[PDB]
file model-v2.tsv (TSV, C-alpha atoms and all ligand atoms)
chain	number	residue	atom	x	y	z
A	1	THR	CA	-16.20	-25.12	-8.18
A	2	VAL	CA	-14.77	-21.63	-8.67
A	3	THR	CA	-11.22	-21.11	-9.94
A	4	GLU	CA	-10.60	-17.78	-8.21
A	5	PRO	CA	-12.68	-16.62	-5.22
A	6	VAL	CA	-13.58	-12.99	-4.56
A	7	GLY	CA	-10.49	-11.20	-3.27
A	8	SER	CA	-8.27	-13.23	-5.57
A	9	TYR	CA	-9.35	-11.99	-9.00
A	10	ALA	CA	-5.80	-10.82	-9.87
A	11	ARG	CA	-4.68	-14.46	-9.72
A	12	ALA	CA	-6.44	-14.97	-13.08
A	13	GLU	CA	-4.12	-12.48	-14.81
A	14	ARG	CA	-0.94	-13.72	-16.50
A	15	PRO	CA	2.31	-12.44	-14.93
A	16	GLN	CA	4.20	-13.20	-18.14
A	17	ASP	CA	2.32	-10.32	-19.83
A	18	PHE	CA	3.46	-7.65	-17.33
A	19	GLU	CA	7.23	-8.21	-16.93
A	20	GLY	CA	9.44	-5.30	-15.89
A	21	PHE	CA	11.10	-3.32	-18.66
A	22	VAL	CA	12.46	-0.09	-17.16
A	23	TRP	CA	13.69	1.60	-13.96
A	24	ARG	CA	10.85	3.94	-13.04
A	25	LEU	CA	11.49	7.15	-11.09
A	26	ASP	CA	9.39	6.88	-7.91
A	27	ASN	CA	9.94	10.51	-6.86
A	28	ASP	CA	11.75	13.52	-8.34
A	29	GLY	CA	12.76	14.52	-4.81
A	30	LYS	CA	11.89	18.19	-5.24
A	31	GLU	CA	9.42	18.39	-2.34
A	32	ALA	CA	10.40	18.14	1.31
A	33	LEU	CA	7.91	15.33	1.86
A	34	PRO	CA	6.51	12.54	-0.30
A	35	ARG	CA	3.10	12.92	-1.92
A	36	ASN	CA	-0.12	12.25	0.02
A	37	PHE	CA	1.59	12.55	3.41
A	38	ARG	CA	-1.02	12.21	6.16
A	39	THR	CA	-1.41	11.07	9.77
A	40	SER	CA	-4.29	9.90	11.98
A	41	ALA	CA	-3.71	13.03	14.07
A	42	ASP	CA	-4.61	15.27	11.14
A	43	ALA	CA	-7.81	17.26	10.90
A	44	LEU	CA	-10.55	15.96	8.63
A	45	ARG	CA	-11.20	17.90	5.44
A	46	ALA	CA	-14.08	17.92	2.95
A	47	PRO	CA	-14.46	14.65	1.03
A	48	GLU	CA	-13.67	14.37	-2.68
A	49	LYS	CA	-16.57	15.02	-5.06
A	50	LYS	CA	-15.88	11.80	-7.01
A	51	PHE	CA	-17.00	9.67	-4.04
A	52	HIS	CA	-20.43	11.31	-3.64
A	53	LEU	CA	-20.21	11.40	0.15
A	54	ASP	CA	-22.15	13.45	2.70
A	55	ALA	CA	-19.88	16.45	3.27
A	56	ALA	CA	-22.05	17.52	6.22
A	57	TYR	CA	-21.40	14.24	8.04
A	58	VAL	CA	-19.06	14.46	11.02
A	59	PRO	CA	-17.35	11.09	11.56
A	60	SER	CA	-16.36	9.90	15.00
A	61	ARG	CA	-12.80	10.65	16.09
A	62	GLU	CA	-12.93	7.88	18.68
A	63	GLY	CA	-9.46	6.33	18.81
A	64	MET	CA	-7.89	8.64	16.22
A	65	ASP	CA	-5.51	10.28	18.72
A	66	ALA	CA	-4.26	6.87	19.85
A	67	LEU	CA	-4.26	5.23	16.39
A	68	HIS	CA	-0.71	6.44	15.61
A	69	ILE	CA	-0.48	5.73	11.88
A	70	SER	CA	0.39	7.59	8.71
A	71	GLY	CA	0.66	7.16	4.98
A	72	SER	CA	2.42	8.52	1.92
A	73	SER	CA	3.74	7.81	-1.56
A	74	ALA	CA	7.25	6.58	-2.43
A	75	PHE	CA	10.14	8.81	-1.37
A	76	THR	CA	13.80	9.76	-1.58
A	77	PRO	CA	16.19	9.04	1.29
A	78	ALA	CA	15.98	12.74	2.26
A	79	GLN	CA	12.17	12.91	2.13
A	80	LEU	CA	11.92	9.87	4.38
A	81	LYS	CA	14.23	11.47	6.99
A	82	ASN	CA	11.87	14.44	6.97
A	83	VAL	CA	8.95	12.11	7.59
A	84	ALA	CA	10.78	10.37	10.43
A	85	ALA	CA	11.47	13.75	12.05
A	86	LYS	CA	7.85	14.93	11.76
A	87	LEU	CA	6.61	11.64	13.22
A	88	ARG	CA	9.15	11.65	16.07
A	89	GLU	CA	7.54	14.87	17.30
A	90	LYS	CA	4.29	12.92	17.73
A	91	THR	CA	5.56	9.81	19.53
A	92	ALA	CA	8.33	8.18	21.54
A	93	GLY	CA	7.68	4.65	20.37
A	94	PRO	CA	9.39	2.87	17.47
A	95	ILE	CA	8.43	4.29	14.07
A	96	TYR	CA	7.96	1.64	11.39
A	97	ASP	CA	8.38	2.04	7.66
A	98	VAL	CA	5.74	-0.35	6.31
A	99	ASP	CA	6.73	-1.01	2.69
A	100	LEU	CA	3.63	-2.37	0.88
A	101	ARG	CA	5.36	-2.60	-2.50
A	102	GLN	CA	5.52	-5.98	-4.21
A	103	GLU	CA	7.40	-4.47	-7.14
A	104	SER	CA	11.19	-4.58	-6.92
A	105	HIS	CA	12.49	-1.20	-5.85
A	106	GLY	CA	15.48	0.45	-4.25
A	107	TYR	CA	17.86	3.37	-4.56
A	108	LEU	CA	20.49	3.94	-7.22
A	109	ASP	CA	22.80	6.82	-6.35
A	110	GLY	CA	20.12	7.93	-3.87
A	111	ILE	CA	17.44	7.97	-6.57
A	112	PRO	CA	14.30	6.01	-5.61
A	113	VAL	CA	13.50	3.64	-8.49
A	114	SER	CA	11.46	0.53	-9.21
A	115	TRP	CA	11.51	-2.18	-11.88
A	116	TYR	CA	8.25	-1.26	-13.61
A	117	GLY	CA	6.22	-3.66	-15.72
A	118	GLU	CA	2.83	-2.71	-17.19
A	119	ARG	CA	0.33	-1.89	-14.43
A	120	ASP	CA	3.31	-2.10	-12.07
A	121	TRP	CA	2.81	-5.87	-12.09
A	122	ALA	CA	6.44	-6.92	-12.74
A	123	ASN	CA	6.34	-9.22	-9.68
A	124	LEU	CA	2.71	-10.38	-10.02
A	125	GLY	CA	2.19	-14.00	-9.01
A	126	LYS	CA	5.50	-14.25	-7.17
A	127	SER	CA	5.60	-15.20	-3.49
A	128	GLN	CA	7.17	-12.63	-1.17
A	129	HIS	CA	10.29	-14.83	-1.13
A	130	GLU	CA	10.60	-14.73	-4.94
A	131	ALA	CA	9.78	-11.02	-5.22
A	132	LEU	CA	12.46	-10.04	-2.69
A	133	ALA	CA	14.96	-12.34	-4.41
A	134	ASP	CA	14.30	-10.65	-7.74
A	135	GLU	CA	14.68	-7.24	-6.11
A	136	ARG	CA	17.94	-8.27	-4.42
A	137	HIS	CA	19.47	-9.59	-7.67
A	138	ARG	CA	18.36	-6.60	-9.78
A	139	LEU	CA	19.60	-4.01	-7.30
A	140	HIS	CA	22.98	-5.71	-6.99
A	141	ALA	CA	23.34	-6.17	-10.75
A	142	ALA	CA	22.90	-2.41	-11.24
A	143	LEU	CA	26.11	-1.49	-9.38
A	144	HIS	CA	28.82	-0.15	-11.72
A	145	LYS	CA	26.34	-0.71	-14.52
A	146	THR	CA	24.75	1.82	-16.89
A	147	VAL	CA	21.06	2.32	-16.16
A	148	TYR	CA	18.16	4.26	-17.65
A	149	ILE	CA	15.90	5.94	-15.08
A	150	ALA	CA	12.78	7.70	-16.32
A	151	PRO	CA	9.44	8.97	-15.06
A	152	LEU	CA	6.33	7.61	-16.75
A	153	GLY	CA	4.32	9.95	-18.89
A	154	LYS	CA	2.35	9.30	-22.03
A	155	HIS	CA	0.32	6.11	-21.56
A	156	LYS	CA	2.48	4.87	-18.67
A	157	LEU	CA	5.57	4.69	-20.92
A	158	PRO	CA	9.06	6.14	-20.28
A	159	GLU	CA	9.38	9.83	-21.07
A	160	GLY	CA	12.75	11.56	-20.86
A	161	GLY	CA	14.69	10.79	-17.69
A	162	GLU	CA	18.43	10.25	-17.36
A	163	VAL	CA	21.23	7.76	-18.00
A	164	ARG	CA	23.96	7.08	-15.46
A	165	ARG	CA	26.57	4.60	-14.29
A	166	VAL	CA	25.50	3.54	-10.78
A	167	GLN	CA	28.11	3.94	-8.04
A	168	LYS	CA	25.87	3.16	-5.05
A	169	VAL	CA	22.94	0.82	-4.46
A	170	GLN	CA	20.66	0.72	-1.40
A	171	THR	CA	17.58	-1.21	-0.33
A	172	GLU	CA	14.66	0.49	1.38
A	173	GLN	CA	15.52	-1.33	4.58
A	174	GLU	CA	18.87	0.44	4.61
A	175	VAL	CA	17.31	3.80	3.81
A	176	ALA	CA	14.73	3.13	6.51
A	177	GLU	CA	17.41	2.54	9.15
A	178	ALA	CA	19.34	5.62	8.03
A	179	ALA	CA	16.20	7.58	8.90
A	180	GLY	CA	15.85	5.87	12.27
A	181	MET	CA	12.79	3.81	11.31
A	182	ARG	CA	12.15	0.10	11.74
A	183	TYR	CA	11.40	-1.83	8.55
A	184	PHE	CA	8.66	-4.27	7.61
A	185	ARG	CA	7.93	-5.42	4.07
A	186	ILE	CA	4.60	-6.54	2.64
A	187	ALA	CA	4.84	-7.55	-1.04
A	188	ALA	CA	1.36	-6.39	-2.11
A	189	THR	CA	0.45	-5.87	-5.80
A	190	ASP	CA	-0.59	-2.42	-7.08
A	191	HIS	CA	-4.22	-1.67	-8.03
A	192	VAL	CA	-5.62	-4.81	-6.37
A	193	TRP	CA	-6.87	-6.00	-2.99
A	194	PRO	CA	-4.11	-7.43	-0.75
A	195	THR	CA	-3.91	-11.23	-0.93
A	196	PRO	CA	-4.77	-13.47	2.05
A	197	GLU	CA	-1.02	-13.96	2.42
A	198	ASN	CA	-0.25	-10.23	2.55
A	199	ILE	CA	-2.90	-9.72	5.23
A	200	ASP	CA	-1.89	-12.84	7.20
A	201	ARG	CA	1.67	-11.49	7.40
A	202	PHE	CA	0.46	-8.03	8.38
A	203	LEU	CA	-1.87	-9.35	11.08
A	204	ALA	CA	0.88	-11.42	12.69
A	205	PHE	CA	3.09	-8.33	12.56
A	206	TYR	CA	0.36	-6.22	14.16
A	207	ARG	CA	-0.10	-8.55	17.17
A	208	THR	CA	3.63	-8.23	17.94
A	209	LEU	CA	3.86	-4.40	17.92
A	210	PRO	CA	4.42	-2.58	21.23
A	211	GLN	CA	1.58	-0.33	22.38
A	212	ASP	CA	3.38	2.89	21.33
A	213	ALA	CA	4.45	1.68	17.87
A	214	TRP	CA	3.80	4.13	15.03
A	215	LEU	CA	3.10	2.63	11.63
A	216	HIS	CA	3.97	4.60	8.53
A	217	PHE	CA	2.42	2.88	5.53
A	218	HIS	CA	3.42	3.65	1.95
A	219	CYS	CA	3.24	2.42	-1.62
A	220	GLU	CA	4.11	3.99	-4.99
A	221	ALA	CA	1.38	6.67	-5.12
A	222	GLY	CA	0.30	6.21	-1.49
A	223	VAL	CA	-3.43	5.95	-2.15
A	224	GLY	CA	-4.62	2.41	-2.89
A	225	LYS	CA	-2.71	-0.11	-0.78
A	226	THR	CA	-1.75	2.58	1.71
A	227	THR	CA	-5.34	3.44	2.63
A	228	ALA	CA	-6.39	-0.23	2.73
A	229	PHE	CA	-3.82	-1.10	5.41
A	230	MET	CA	-4.49	2.17	7.21
A	231	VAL	CA	-8.17	1.18	7.24
A	232	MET	CA	-7.42	-2.36	8.39
A	233	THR	CA	-5.27	-1.00	11.22
A	234	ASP	CA	-7.99	1.48	12.19
A	235	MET	CA	-10.59	-1.31	12.33
A	236	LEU	CA	-8.30	-3.62	14.35
A	237	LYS	CA	-7.32	-0.96	16.88
A	238	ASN	CA	-10.80	0.62	17.06
A	239	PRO	CA	-13.28	-2.28	16.61
A	240	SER	CA	-16.16	-0.38	18.23
A	241	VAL	CA	-16.11	2.28	15.49
A	242	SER	CA	-18.64	1.89	12.66
A	243	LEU	CA	-17.57	0.95	9.14
A	244	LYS	CA	-18.85	4.30	7.87
A	245	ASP	CA	-16.83	6.33	10.36
A	246	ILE	CA	-13.69	4.33	9.57
A	247	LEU	CA	-13.98	4.70	5.78
A	248	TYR	CA	-14.97	8.37	6.02
A	249	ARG	CA	-12.20	9.46	8.39
A	250	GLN	CA	-9.48	7.48	6.62
A	251	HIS	CA	-10.57	9.28	3.49
A	252	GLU	CA	-11.01	12.75	4.95
A	253	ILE	CA	-7.43	12.79	6.30
A	254	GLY	CA	-6.11	12.32	2.78
A	255	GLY	CA	-6.78	8.71	1.86
A	256	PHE	CA	-8.99	6.90	-0.62
A	257	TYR	CA	-12.66	6.14	0.08
A	258	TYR	CA	-13.12	2.37	0.30
A	259	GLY	CA	-16.91	2.45	0.41
A	260	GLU	CA	-19.37	2.29	-2.48
A	261	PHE	CA	-19.21	5.12	-5.02
A	262	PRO	CA	-19.91	5.80	-8.74
A	263	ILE	CA	-16.81	4.16	-10.19
A	264	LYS	CA	-16.00	6.15	-13.33
A	265	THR	CA	-13.04	4.97	-15.38
A	266	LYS	CA	-11.29	5.96	-18.60
A	267	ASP	CA	-11.38	3.68	-21.61
A	268	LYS	CA	-7.74	2.75	-21.09
A	269	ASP	CA	-8.36	2.16	-17.38
A	270	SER	CA	-11.51	0.06	-17.71
A	271	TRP	CA	-9.47	-2.92	-16.50
A	272	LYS	CA	-9.35	-1.27	-13.05
A	273	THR	CA	-13.13	-1.21	-12.57
A	274	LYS	CA	-13.59	-4.81	-11.39
A	275	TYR	CA	-10.64	-4.47	-9.02
A	276	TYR	CA	-12.16	-1.38	-7.43
A	277	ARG	CA	-15.44	-3.21	-6.92
A	278	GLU	CA	-13.62	-6.21	-5.50
A	279	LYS	CA	-11.85	-4.00	-2.96
A	280	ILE	CA	-15.16	-2.54	-1.77
A	281	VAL	CA	-16.48	-6.00	-1.00
A	282	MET	CA	-13.25	-7.14	0.64
A	283	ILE	CA	-13.18	-4.04	2.84
A	284	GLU	CA	-16.56	-5.05	4.22
A	285	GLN	CA	-15.35	-8.62	4.50
A	286	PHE	CA	-12.34	-7.56	6.53
A	287	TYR	CA	-14.55	-5.51	8.84
A	288	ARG	CA	-16.64	-8.64	9.39
A	289	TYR	CA	-13.49	-10.62	10.22
A	290	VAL	CA	-12.44	-8.14	12.91
A	291	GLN	CA	-15.91	-8.06	14.50
A	292	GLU	CA	-16.31	-11.84	14.62
A	293	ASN	CA	-12.72	-12.75	15.54
A	294	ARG	CA	-11.62	-10.15	18.10
A	295	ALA	CA	-13.36	-11.88	21.02
A	296	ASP	CA	-10.99	-14.88	21.15
A	297	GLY	CA	-7.98	-12.83	20.11
A	298	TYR	CA	-7.92	-13.73	16.41
A	299	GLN	CA	-7.22	-17.43	16.90
A	300	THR	CA	-8.34	-17.99	13.32
A	301	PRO	CA	-6.09	-16.30	10.74
A	302	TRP	CA	-7.67	-14.14	8.01
A	303	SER	CA	-6.85	-16.50	5.11
A	304	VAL	CA	-8.39	-19.49	6.89
A	305	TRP	CA	-11.44	-17.55	8.05
A	306	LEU	CA	-11.91	-16.12	4.53
A	307	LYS	CA	-11.93	-19.60	2.99
A	308	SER	CA	-14.76	-20.78	5.27
A	309	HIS	CA	-16.52	-17.39	4.94
A	310	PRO	CA	-16.03	-16.35	1.29
A	311	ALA	CA	-17.20	-12.94	0.09
A	312	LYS	CA	-19.82	-12.42	-2.63
A	313	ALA	CA	-19.56	-10.15	-5.67
A	401	CL	CL	8.47	-19.42	-2.67
A	402	CL	CL	-2.56	0.48	-5.03
call {"tool": "encode", "arguments": {"input": "model-v2.tsv", "output": "structure tokens"}}
result
Amino acid sequence: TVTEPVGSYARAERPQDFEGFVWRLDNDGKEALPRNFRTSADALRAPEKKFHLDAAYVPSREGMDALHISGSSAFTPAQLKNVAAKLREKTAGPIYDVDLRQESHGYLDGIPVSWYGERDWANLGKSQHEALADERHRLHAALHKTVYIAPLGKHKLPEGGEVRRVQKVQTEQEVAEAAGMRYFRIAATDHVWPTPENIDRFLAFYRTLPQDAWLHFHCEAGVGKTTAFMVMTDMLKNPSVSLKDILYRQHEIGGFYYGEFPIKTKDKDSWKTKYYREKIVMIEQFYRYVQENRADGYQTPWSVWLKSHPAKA
């Protein structure tokens, strides 16, 4: 009798110890595009040293050209419009803004902000329904109110920033439409593997997309959750491609490497270690799901399949 199965370690943490306490600046808006902007049409570059990968290896590009996905960090309304434009030059299908942020976020006076709690876990433990409700109330309560927006610096604590009386409030859905992009929200928690619920929602969403749909995934930094869903999409759309090729190419176009590697972590980041290891196992577990469930068209949802086929540490 285990309390929390592999893939659900975060459930053991206490949400009450990571409540939001400040409006974090998601992007200074100085660049034309958000950080870590990348597409499946991009050329593959040398892997990062930290992952100890074979730089000489040439991963398969089978399906890359048809994959039609991209990723990036958070952004300003203007940076998103730039993304939409760049993507429109690559496709004629609907471009989706896939918001993988569980944390409450929005735009105050056009400034992209989020209600940050330690580890960005201000909405940890909440269902998507509750997280969105919190976000809706907080965004609305900020109108005509004085707010403190600041970027995080020393030890993930507010550093400088600005104070202003909000005159306009917008949700990402609104900003997404303004850029001519469809919107789909997946309330996934930062630093951890997406819950069975997050993936169940994404999978149902995937089966409904038209053939020419372009998915633009993004989170706060655009590395962790963004690469995971990019990887999942790659596996789903290109099931005949090996796990190695998938992980290598998703990494070499600007994403994170979700395979095994010497996980080195700072003393103040040691809490991340087990989550990184958990994600490596779950990545393999998802790959197994796709291989064993594509034949009948995914009749069995991920959550259900995962319960009868739990992963090992
Ligand atoms: Cl609920
Ligand atoms: Cl993440």
call {"tool": "closest_residue", "arguments": {"input": "model-v2.tsv", "among": "A:294, A:216, A:191, A:251", "to": "ligand CL 402 (chain A)", "atoms": "only C-alpha atoms and all ligand atoms"}}
result
A:191
call {"tool": "residues_near_ligand", "arguments": {"input": "model-v2.tsv", "ligand": "ligand CL 402 (chain A)", "cutoff": "6 Å", "atoms": "all atoms listed in the file", "output": "list in words"}}
result
residues 190, 191, 224 and 225 of chain A
call {"tool": "closest_atom_pairs", "arguments": {"input": "model-v2.tsv", "of": "region 216-264 of chain A", "to": "region 31-49 of chain A", "cutoff": "7 Å", "atoms": "only C-alpha atoms", "output": "tab-separated table"}}
result
residue	atom	partner	partner_atom	distance
A:222	CA	A:36	CA	6.2
A:249	CA	A:44	CA	6.7
A:252	CA	A:44	CA	4.9
A:253	CA	A:44	CA	5.0
A:254	CA	A:38	CA	6.1
call {"tool": "residues_near_ligand", "arguments": {"input": "model-v2.tsv", "ligand": "ligand CL 401 (chain A)", "cutoff": "12 Å", "atoms": "all atoms listed in the file", "output": "compact mmCIF listing (two decimals) with C-alpha atoms, in the frame of the given file"}}
result
# COMPACT_ATOMS: atom_id res chain seq x y z
CA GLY A 125 2.19 -14.00 -9.01
CA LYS A 126 5.50 -14.25 -7.17
CA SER A 127 5.60 -15.20 -3.49
CA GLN A 128 7.17 -12.63 -1.17
CA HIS A 129 10.29 -14.83 -1.13
CA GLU A 130 10.60 -14.73 -4.94
CA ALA A 131 9.78 -11.02 -5.22
CA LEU A 132 12.46 -10.04 -2.69
CA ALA A 133 14.96 -12.34 -4.41
CA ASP A 134 14.30 -10.65 -7.74
call {"tool": "closest_residue", "arguments": {"input": "model-v2.tsv", "among": "A:74, A:111, A:25, A:124", "to": "residue 153 (chain A)", "atoms": "all atoms listed in the file"}}
result
A:25
call {"tool": "closest_residue", "arguments": {"input": "model-v2.tsv", "among": "A:263, A:169, A:113, A:179", "to": "residue 149 (chain A)", "atoms": "all atoms listed in the file"}}
result
A:113
call {"tool": "closest_residue", "arguments": {"input": "model-v2.tsv", "among": "A:268, A:142, A:242, A:274", "to": "residue 288 (chain A)", "atoms": "all atoms listed in the file"}}
result
A:242
call {"tool": "residues_around", "arguments": {"input": "model-v2.tsv", "residues": "residue 67 (chain A)", "least_positions_apart": "3", "cutoff": "12 Å", "atoms": "only C-alpha atoms", "output": "list in words"}}
result
residues 39, 40, 41, 42, 61, 62, 63, 64, 70, 90, 91, 211, 212, 213, 214, 215, 216, 230, 231, 232, 233, 234, 235, 236, 237, 238, 239, 246 and 250 of chain A
call {"tool": "residues_around", "arguments": {"input": "model-v2.tsv", "residues": "residue 152 (chain A)", "least_positions_apart": "5", "cutoff": "10 Å", "atoms": "all atoms listed in the file", "output": "list in words"}}
result
residues 22, 23, 24, 25, 26, 116, 157, 158, 159, 160 and 161 of chain A
